[PDB]
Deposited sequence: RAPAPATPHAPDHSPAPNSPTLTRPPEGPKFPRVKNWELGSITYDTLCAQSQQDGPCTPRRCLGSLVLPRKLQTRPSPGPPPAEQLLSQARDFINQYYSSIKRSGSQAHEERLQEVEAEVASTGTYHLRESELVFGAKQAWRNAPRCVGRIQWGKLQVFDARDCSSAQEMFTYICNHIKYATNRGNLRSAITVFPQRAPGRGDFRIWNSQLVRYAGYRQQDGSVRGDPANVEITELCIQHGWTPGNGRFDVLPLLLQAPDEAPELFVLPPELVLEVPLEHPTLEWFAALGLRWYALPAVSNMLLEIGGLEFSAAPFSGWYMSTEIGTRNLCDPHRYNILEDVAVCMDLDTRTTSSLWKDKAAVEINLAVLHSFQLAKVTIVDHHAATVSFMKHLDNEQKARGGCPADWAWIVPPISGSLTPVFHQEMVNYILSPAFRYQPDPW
């Protein structure tokens, strides 16, 4: 019934009992595991509402209380007549942190209780959304001393279109498709660059042009808003011993703010609820700069390092990746902007796994995402078995609005 989970470095074993609380099926069946895949009415809403209000009052040790009975009654009353309900700010705050806590793909969950939540549910226009988005960025960046935050726009409603941020992150570099097939700037962002231009943006021609935000209020053409350059902290990349590295003119932004995921709490859905923490250095160093379908800088670096490129067995790739990760760590430290390396991050995650075992009887985790993109077995998470399942509140993927 309950999965035995072993750590192979320390020989220790736990039993996950928290998965018994899952209500949403994943992609796997007894016939085939599909775990490495990146992508996937009153009575129903009511029971998700009840369950979540239970979660809430239990979390403040007021389970069973008067205030608890009277809240379940309100929600019942509101659904029974409107087909939906609304959350109190504190319940919202509880739900957002729990959605982060439950995120199986997140290695930063040790921080889950430290989350600044901006209630933006009194938002009626793209203009307003933009104002909130700027306050979020200002707060989250905090002159390099990054602080986690989420800003929660108005929930989905039966009648009308969603509030949406079209951009996948609040900060993204343009990718400019070229006549000769290739991309200039960030290949991940070709389509979103093209949508911006379509909706009227004057393009630049650099590899690090910060995109404008396309913000959408229900049932309206999305609107374009340029972030003021002052708001977007960037870090120029250099290397501590290699002088020529800085000459590559490479850089990256401080704030990782995801803005396309949907926040589900108690069956309510928040289609625009951007959140940010801080980067783990491998996201920038390994994936963003070294993925072949991204900035793909490995060879350029290896050639600068005068490495033997002609053969795989010289490990020129592994050697250059390390220097690029180190340049990221060094550059962020020198700019006094928050960053965590993959060894410190996974060590803190083990700690988190242990806390959640005592607290909840397990922890949902996606091994393929938790283990870093380089030096996997050098980190303690590699050696840790992990059980993956969906709890609610949750961050989910959603369709692109166009």
Deposited residues absent from the coordinates (by C-alpha):
1-29, 70-81
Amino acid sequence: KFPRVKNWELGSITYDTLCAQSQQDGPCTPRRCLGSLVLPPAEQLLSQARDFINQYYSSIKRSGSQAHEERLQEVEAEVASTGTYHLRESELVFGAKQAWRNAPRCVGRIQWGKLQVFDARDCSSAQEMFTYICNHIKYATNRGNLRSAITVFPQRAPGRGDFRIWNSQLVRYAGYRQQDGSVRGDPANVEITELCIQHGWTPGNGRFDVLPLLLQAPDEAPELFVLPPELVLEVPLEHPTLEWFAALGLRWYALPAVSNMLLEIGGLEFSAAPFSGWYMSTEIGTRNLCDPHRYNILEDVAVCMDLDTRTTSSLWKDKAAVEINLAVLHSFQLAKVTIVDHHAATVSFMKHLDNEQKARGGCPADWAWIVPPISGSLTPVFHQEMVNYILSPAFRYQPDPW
From here on, numbers count along this sequence of modelled residues.
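Note that the rigid core is defined as the largest set of C-alphas that superpose within 1.5 Å between two forms.
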Core fit done; bigger CA RMS in 9 other deposited structures of this protein for 86-94 or for 178-186?
178-186
When the other structures are laid on this one by the rigid core, do the CA atoms of 42-50 or of 62-70 sit farther away in 9 other deposited structures of this protein?
62-70
Identify the stretch, either 376-384 or 20-28, whose C-alpha atoms have the larger mean B-factor according to the entry.
20-28
163-171 set against 301-309, stretch whose average Cα temperature factor tops the other in the entry:
301-309
If you check the C-alpha B-factor for each of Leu353, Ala365, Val340, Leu46 in the entry, which is highest?
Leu46
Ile284, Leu268, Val183, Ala149, ranked by C-alpha B-factor: the highest one:
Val183
Here the Cα B-factor of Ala67, set against its chain, lands in the third termed highest
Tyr56 CA temperature factor, ranked by third within the chain:
middle
Rank-wise, by C-alpha B-factor, drop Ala42 into the lowest, middle or highest third of its chain.
highest
Please place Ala273 in the lowest, middle or highest third of its chain according to the CA B-factor in the PDB entry.
lowest
Considering every modelled residue of the chain and its Cα B-factor in the PDB entry, is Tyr397 in the lowest, middle or highest third?
lowest
